[PDB]
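# Working through the structure, step by step
Single-letter residue listing:
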Amino acid sequence: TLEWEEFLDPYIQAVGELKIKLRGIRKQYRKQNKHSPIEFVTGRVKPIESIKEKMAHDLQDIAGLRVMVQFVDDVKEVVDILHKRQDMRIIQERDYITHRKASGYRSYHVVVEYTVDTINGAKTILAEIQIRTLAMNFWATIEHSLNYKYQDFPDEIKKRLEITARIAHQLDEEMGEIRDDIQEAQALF
Amino acid sequence: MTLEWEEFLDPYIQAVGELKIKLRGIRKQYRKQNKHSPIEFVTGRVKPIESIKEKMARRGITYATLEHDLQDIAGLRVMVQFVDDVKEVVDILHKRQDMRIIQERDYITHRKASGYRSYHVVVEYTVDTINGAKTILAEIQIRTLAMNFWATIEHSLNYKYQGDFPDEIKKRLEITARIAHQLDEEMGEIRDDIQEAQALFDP
Ligand SMILES: [Cl-]
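As recorded in the PDB header, X-ray crystallography is the method behind this entry, and the stated resolution is 2.40 Å.

## Description of empty space enclosed by the protein
Residues and elements named next belong to chain A. By volume, the largest cavity is sized at about 60 Å³. Lining the largest cavity are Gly104, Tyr105, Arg106, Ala135, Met136, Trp139, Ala165, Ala168, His169 and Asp172. Those elements that provide at least two residues to the lining of the largest cavity are helix 4 (134–149) and helix 5 (155–187). Broken down by element, the residue count for the lining of the largest cavity peaks at four residues, all from helix 5.

## Overview of the sheet that holds strand 1 (residues 40–45) of chain A
All names here are of chain A. With respect to topology, five strands assemble into an open sheet ordered 1-2-5-4-3, the strand pairing being mixed. Strands with a single pairing partner mark the edges of an open sheet, and in this sheet they are strand 1 and strand 3 (88–95). If you compare each strand with its neighbour and ignore which way they point, the axes differ by 25° on average. With seven bridges joining them, strand 2 (residues 63–69) and strand 5 (residues 123–133) adopt parallel strand pairing. Across the sheet, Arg66 pairs through a bridge with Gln130, a residue of strand 5. Across the face of the sheet, helix 4 comes into contact with strand 1, strand 2 and strand 5 while running at roughly 110° to strand 5.

## Quick word on unusual backbone geometry
For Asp58(A), which is not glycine, the phi dihedral falls at a positive 45°. Summarising the element assignment, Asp58(A) is placed in the loop between helix 2 (48–53) and strand 2. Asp58(A) gets classed as exposed once you look at its relative accessible area, which sits at 62%. The residue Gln162(B) is not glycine, and still its phi comes out positive at about 40°. Mapping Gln162(B) onto the fold places it in the loop between helix 5 (145–161) and helix 6 (167–188).

## So, the side chain of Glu139(B)
All names here are of chain B. Structurally, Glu139 can be placed in strand 5 (residues 134–144). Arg77 provides the closest opposite charge to the buried, salt-bridge-free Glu139, at an N-O distance of 4.6 Å. A polar contact is formed between the side chain of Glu139 and the side chain of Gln141, at a distance of 3.1 Å. Apart from residues no more than four positions distant in its own chain, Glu139 is found in contact with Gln71, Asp72, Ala74, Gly75, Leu76, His120, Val121 and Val122.

## What about the domain arrangement of chain A?
Residue and element names in this part refer to chain A. Examined at the domain level, chain A breaks down into domain 1 (1–135) and domain 2 (137–189). Each of domain 1 and domain 2 was reduced to a C-alpha centroid, and the two centroids are 21 Å apart. On the domain 2 side, the residues contacting the 17 residues of domain 1 number 15 residues. For the pair domain 1 and domain 2, the summed buried area comes to about 1,300 Å², and 51% of that belongs to carbon and sulfur atoms. Of all residues in domain 1, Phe71, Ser103 and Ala135 give up the largest surface area on contact with domain 2, accounting jointly for 38% of the area buried on that side. Applying the counting criterion to the domain 1 and domain 2 interface returns two salt bridges.

## Here's the deal with the pattern of salt bridges
Residues and elements named next belong to chain B. Scanning all chains against the criterion turns up 27 salt bridges over all chains. Among the salt bridges present, the one from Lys170 reaches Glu174, with a minimum N-O distance of 3.0 Å. A residue pair is termed a helical-turn pair when its members lie 3 or 4 positions apart in one helix, as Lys170 and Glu174 do in helix 6 at four residues.

## What to know about the pairing of strand 2 (residues 74–80) of chain B
Residues and elements named next belong to chain B. Among the seven residues of strand 2, six are classified as buried, and the element is accordingly described as predominantly covered. With seven bridges joining them, strand 1 (residues 39–46) and strand 2 adopt antiparallel strand pairing. For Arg45, the partnering residue across the bridge sits in strand 2 and is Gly75. The pairing of strand 2 with strand 5 spans seven bridges and is parallel. Considered in strand 5, the bridge of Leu76 is made with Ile140.

## Some remarks on the sheet that holds strand 5 of chain B
Residues and elements named next belong to chain B. Pairing is mixed across the open sheet formed by five strands, whose spatial order is 1-2-5-4-3. Of all the strands in the sheet, the pair left with one neighbour each is strand 1 and strand 3 (100–106). Ignoring which end each strand starts from, the neighbouring axes of this sheet average 20° apart.

## A look at helix 2 (residues 49–59) of chain B
Residues and elements named next belong to chain B. For helix 2, the complete set of buried residues consists of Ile49, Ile52 and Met56. Around the axis of helix 2, the buried residues are gathered within 60° of arc, so they sit on the same side. Pointing more than 90 degrees away from the buried face of helix 2 are the exposed residues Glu50, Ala57 and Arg58. Residues of helix 2 that are buried in the fold lie against helix 1 (3–32) and helix 3 (66–69). Positive backbone phi, approximately 85°, marks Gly60, located one or two places after helix 2.

## Things to note about the domain arrangement of chain B
Residue and element names in this part refer to chain B. As far as domains go, chain B holds domain 1 (2–146) and domain 2 (148–203). Residue-level contacts link 21 residues of domain 1 with 19 residues of domain 2. For the pair domain 1 and domain 2, the two sides together bury roughly 1,700 Å², of which 48% comes from carbon and sulfur. Where domain 1 packs against domain 2, one counts three salt bridges. Between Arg191 and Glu88 there is a salt bridge, with its nearest N and O atoms 2.8 Å apart. Summed over the shared surface of domain 1 and domain 2, the number is 13 residue pairs in polar contact.

Calculation notes
For every chain, the first residue of the written sequence is numbered 1 and the count continues from 1 onward along that sequence, whatever numbering the entry uses; residues with no coordinates are hidden. Key to labels: chains lettered from A, ligands numbered from 1, both in the order written. Side-chain descriptors were evaluated using all non-hydrogen atoms of the structure, hydrogens and water having been removed beforehand. In this analysis a 1.4 Å probe is tested at points of a 1 Å grid over the protein atoms alone, and where it fits but cannot get out there is a cavity; an open set with protein on both sides within 12 Å along at least five of seven lines is a pocket; lining residues have an atom within 4 Å of a point. Grid points are joined across faces, edges and corners, and a volume is the space filled by probe spheres set on the points. In this description a helix means any DSSP run of H or I spanning at least four residues, a strand means any run of E spanning at least two, and both kinds are numbered starting from the N terminus. Only strands that DSSP links by at least two bridges are regarded as paired with each other. In this description, a line fitted to the C-alpha atoms serves as the axis of each element, helices being fitted only across the stretch in contact, and the angle between N-to-C directions of two axes falls anywhere from 0 to 180 degrees. Only heavy atoms enter the contact rule, under which two residues are in contact if any of them lie within 4.5 Å. The buried label goes to any residue with under 20% of its type's maximum accessible area, the exposed label to any with over 50%, and the partly exposed label to all in between, with areas taken from a 1.4 Å probe on protein chains only. Working convention for charge: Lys and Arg count positive, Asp and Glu count negative, and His plus the chain ends are omitted. By convention in these notes, a salt bridge is any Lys or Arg side-chain nitrogen within 4 Å of a carboxyl oxygen on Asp or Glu. Contacts described as polar in this section are N or O atom pairs within 3.5 Å, which, within protein, must combine one atom able to donate a hydrogen with one able to accept it, while residues neighboring in sequence count only if both atoms come from side chains. Segmentation into domains, and thus their bounds, comes from an automatic or database assignment. Accessible area that two parts lose when put together, with a 1.4 Å probe and added across both, is what the buried area reports. Directions pointing from the helix axis toward each C-beta atom define the arc.

Structure follows, in structure tokens:
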């Protein structure tokens, strides 16, 4: 409706601004000839339907951003950059990378207050920035679509999704190790 | 166009990019609320290095004070329908918490001798940068289309003639400055009627 359109305006504006802003971190690393910790960024406003069920703001993810990085070690590099930012205040961090969810989902969550300027004045909202690897984004994107297309998965499907997440993670670890073993195979001998 | 010039200008390129999008989002916000936007067009530029160097030579600015003394390395142009819309845009800027308005210059009320009309708002704007927050000066000018048409043309001619216009060109600059003011004054006379009509339907 129009009432929901009005309530979500500031979250829609914030996702827009934060996408541009987080994408510009990457451009800043490349322009100064350095590895960008950030590969790409996406975001959306929670669809009306998903919001409605989940309430008894402290609904943290109405505005959601997804920051993809190549390696697990890049995650902390991005969290530090977010700490140095003057346009947001970090309210909450959750390390679901070191400690995964039961489904297999892995991600680092940073919840921020973000203020948006409107013609009706400043509006401060919460936004959730999810940092994850390419491998975790591969898994989460597919898991998310299969879910949205289903409804709750049979147990056997849920297990198979868990297994593919487990292997996607071993892949991140191994790619982390290849990167290390390259630079080590130059740095120490 | 060196490495040190590139490192210096980046925050300004970044700031112009953000401010263009933010100024256009104002226009978009009005329209989303089914209101007509005072702002029609938004433009911006980072001053070219050789214009920066010129302005340093002519004002006595050194490299050390450059970021403090030169107000319009980042420059934005906001085009409005009516002279009386200028104050409405200025109001929206004062309301913003992402900038601090440090100086305003009213060359509409205090029109220059040449015929130049514009309104300048100089702001402090902070950009977030992988090397940390960086505060810059940006200059937002607010103009009608007729003010913009005359000014951009006078500026171009003035790059060539620097105050010394051929008699023919000056005569024309002066009549067009009068005609352009008159365009805005005549239209201003029925601004209330036009705006009332605009509130009825925005395509
Ligand atoms: Cl535009």
